[PDB]
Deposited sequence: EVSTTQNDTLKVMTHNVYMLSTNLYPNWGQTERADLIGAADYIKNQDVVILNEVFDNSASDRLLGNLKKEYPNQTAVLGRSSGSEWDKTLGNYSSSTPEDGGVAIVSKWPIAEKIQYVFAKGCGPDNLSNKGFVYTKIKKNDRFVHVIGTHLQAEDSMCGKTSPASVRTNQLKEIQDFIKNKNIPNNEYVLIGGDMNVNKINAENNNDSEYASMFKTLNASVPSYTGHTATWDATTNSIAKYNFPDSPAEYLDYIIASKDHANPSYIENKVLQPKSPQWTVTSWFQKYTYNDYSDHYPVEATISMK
């Protein structure tokens, strides 16, 4: 049809070598079988750092999304058409970004950001063939909270890459992921980092629906454990480049899916959670 469904989710899968008891393996199975992640055309994943759990998750998503990229910054072989940027094979961790789709992926490129405040952070570019139409999806995860200066530099690298690619102006180019750029209380400030994000990427502002935050310690069990008193934030987006096909309609809906209860043990203490990640997923609907 004339609709494209793209979802982005920071799944919080830290390395089990550093955090052995964060339920990474179990959550890989829970997310893989979750209803919220079904029925999409493309899914962008962030923080799939743990090697075993990330591969398990990707394997669980294979049935519905058999076309998959490797995980950003974990390798630099022929699994990528090109490895761009400051890639280092000596980093202690990878970039944690991967893209999966139910449609054939014509091109897969990884790009490692030049600056940061040890993990090959950057973005993954994919050219996807959806029903005789090529769409372009870039998945990324920016510098977490000077950081603003770094994020702007990273966003500039993304825009520069898109421009250099010479992608047809009549094809859709989406940029999605955890931007770590907070929208809350910044929509009216034209000099805010939030406003600057769209200008740096030369992207449009999508219609917002669903929950009012993507990282919410007031409703998310994992975020509550880590930062119980931190105000909710809006950091995840999926937006379209204005230098290419401009969607007549593009929506970003924040979902609040709860997972079956899972338990972990740490320091002789048992902890139970009902969230898939500390971030909520964003479901984008783009009219083509």
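K.L.:
For this chain, which runs of the deposited sequence have no C-alpha coordinates, given in order from the N-terminus?
P.N.:
Several stretches lack coordinates - namely 1 to 6, 124 to 127, 156 to 162, 306, in sequence order.
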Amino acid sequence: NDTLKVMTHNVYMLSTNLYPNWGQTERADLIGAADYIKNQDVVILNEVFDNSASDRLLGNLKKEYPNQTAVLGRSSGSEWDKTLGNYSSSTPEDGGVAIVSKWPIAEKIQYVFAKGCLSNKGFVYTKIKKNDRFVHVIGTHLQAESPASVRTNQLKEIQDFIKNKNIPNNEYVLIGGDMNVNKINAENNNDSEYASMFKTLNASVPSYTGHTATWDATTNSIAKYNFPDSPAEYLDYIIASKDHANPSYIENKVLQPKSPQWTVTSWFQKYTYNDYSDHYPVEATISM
From here on, numbers count along this sequence of modelled residues.
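K.L.:
Quick one: higher average CA temperature factor, 14 to 22 or 268 to 276?
P.N.:
If you average the C-alpha B-factors of 268 to 276 and of 14 to 22, the larger mean comes out for 268 to 276.
K.L.:
Decide which of the stretches 205 to 213 and 106 to 114 has the higher mean C-alpha B-factor, going by the entry.
P.N.:
Taking the mean C-alpha B-factor of 106 to 114 and of 205 to 213, the larger value falls to 205 to 213.
K.L.:
Just the C-alpha B-factor column, please: which of 163, 141, 129, 199 has the biggest number?
P.N.:
Most elevated C-alpha B-factor of the set, per the entry: 199.
K.L.:
Looking at 93, 187, 79, 178, which has the biggest Cα B factor in the entry?
P.N.:
Comparing C-alpha B-factors across 93, 187, 79, 178, the top value belongs to 187.
K.L.:
Looking at the C-alpha B-factor of residue 247, is it in the lowest, middle or highest third of its chain?
P.N.:
Residue 247: CA B-factor falls in the highest third of its chain.
K.L.:
Lowest, middle or highest third: where is residue 218 by Cα B-factor in its chain?
P.N.:
Highest third - that is where residue 218 ends up once the chain's C-alpha B-factors are sorted.
K.L.:
By its CA B factor, does residue 195 count among the lowest, middle or highest third of the modelled residues in the chain?
P.N.:
As the PDB entry reports it, the C-alpha B-factor of residue 195 lands in the highest third of its chain.
K.L.:
Of the three thirds of its chain by CA temperature factor, lowest, middle or highest, which one includes residue 66?
P.N.:
It belongs to the lowest third of the chain when residues are ordered by C-alpha B-factor.
K.L.:
Consider only the C-alpha atoms of the modelled residues in this chain, order them by B-factor as the entry records it, and name the third containing residue 41: lowest, middle or highest.
P.N.:
Its C-alpha B-factor, which the entry lists for residue 41, ranks in the lowest third among residues of this chain.
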